[PDB]
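Okay, so here's the structure we're looking at.
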Protein chains: 2
Amino acid sequence: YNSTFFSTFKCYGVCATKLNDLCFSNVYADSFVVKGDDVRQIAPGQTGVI
Amino acid sequence: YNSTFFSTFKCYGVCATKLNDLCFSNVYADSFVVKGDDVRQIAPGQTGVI
Ligand SMILES: CCCCC/C=C\C/C=C\CCCCCCCC(=O)O
Ligand SMILES: CCCCC/C=C\C/C=C\CCCCCCCC(=O)O
Ligand SMILES: *[C@@H]1O[C@H](CO)[C@@H](O)[C@H](O)[C@H]1NC(C)=O
Ligand SMILES: *[C@@H]1O[C@H](CO)[C@@H](O)[C@H](O)[C@H]1NC(C)=O
């Protein structure tokens, strides 16, 4: 909360206000770099080049 | 996919992933120019000058 600030943060299947009260089973992190217009394509139902 | 890139692309009444599987009846294209803050008003159920 003092260092890193996110322009997009969106959660699917779970309320964002309850992430502090849960425990998670199989956690994986995928990393990549896109341009600014292509961030809207990282979503469950989407079309486009990405 | 090599030339034109869209800042917004949103579809209503259909999932975007199925546009390659369908065939469309009465296609019309409406063209105009707005400013950056007025793009959010091209949606059903909006208020604003546009
Ligand atoms: C020029 C008129 C085309 C009429 C097509 C009619 C129905 C098909 C609907 C949508 C597909 C074409 C729209 C462009 C979508 C760009 C997708 C992308 O690149 O991210
Ligand atoms: C200080 C006045 C308080 C008014 C609140 C009273 C009722 C609320 C109903 C509508 C408020 C709309 C606020 C302006 C919206 C601008 C719409 C636009 O142009 O895109
Ligand atoms: C948060 O960042 C500032 C930046 O210098 C730092 O001084 C502060 O100690 C940090 N907070 C904590 C709890 O470490
Ligand atoms: C896409 O655009 C580039 C731009 O130089 C071009 O070289 C390439 O041939 C285009 N793709 C196709 C399939 O024509």
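Starting from 1 in every chain, residues are counted up; chains themselves are A, B, ... following the order of the structure tokens, and ligands are numbered from 1 as listed.
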
Env. residues ligand 4 / 9 Å / only C-alpha atoms and all ligand atoms / as a ChimeraX atom specification: /B:1-3

Residues of chain B that approach chain A to 8 Å or less, counting only C-alpha atoms: could you list each one with the shortest pair of atoms and its distance in Å to one decimal, rows by chain and increasing residue number, as JSON lines?
{"residue": "B:1", "atom": "CA", "partner": "A:49", "partner_atom": "CA", "distance": 6.2}
{"residue": "B:5", "atom": "CA", "partner": "A:37", "partner_atom": "CA", "distance": 7.5}
{"residue": "B:6", "atom": "CA", "partner": "A:37", "partner_atom": "CA", "distance": 7.0}
{"residue": "B:7", "atom": "CA", "partner": "A:37", "partner_atom": "CA", "distance": 5.4}
{"residue": "B:15", "atom": "CA", "partner": "A:45", "partner_atom": "CA", "distance": 7.1}
{"residue": "B:16", "atom": "CA", "partner": "A:47", "partner_atom": "CA", "distance": 5.8}
{"residue": "B:17", "atom": "CA", "partner": "A:47", "partner_atom": "CA", "distance": 5.6}

Written selection (C-alpha atoms) as a PDB file, in the first residue's frame:
ATOM      1  CA  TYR B   1      -4.464  -7.966 -36.785  1.00  0.00           C
ATOM      2  CA  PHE B   5      -6.201  -1.563 -33.037  1.00  0.00           C
ATOM      3  CA  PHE B   6      -9.278  -0.519 -31.088  1.00  0.00           C
ATOM      4  CA  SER B   7      -9.364   1.169 -27.706  1.00  0.00           C
ATOM      5  CA  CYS B  15     -20.585 -13.509 -27.164  1.00  0.00           C
ATOM      6  CA  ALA B  16     -17.607 -12.151 -29.095  1.00  0.00           C
ATOM      7  CA  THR B  17     -16.010 -15.600 -29.437  1.00  0.00           C
TER       8      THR B  17
END

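Taking atom 6 (C, counted along the ligand's line) of ligand 1 as the reference point, CA of residue 20 (chain B) is found at 9.9 Å.
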
Between CA of residue 31 (chain B) and atom 2 (C, counted along the ligand's line) of ligand 1 - distance in Å to one decimal: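 It comes out at 11.1 Å.
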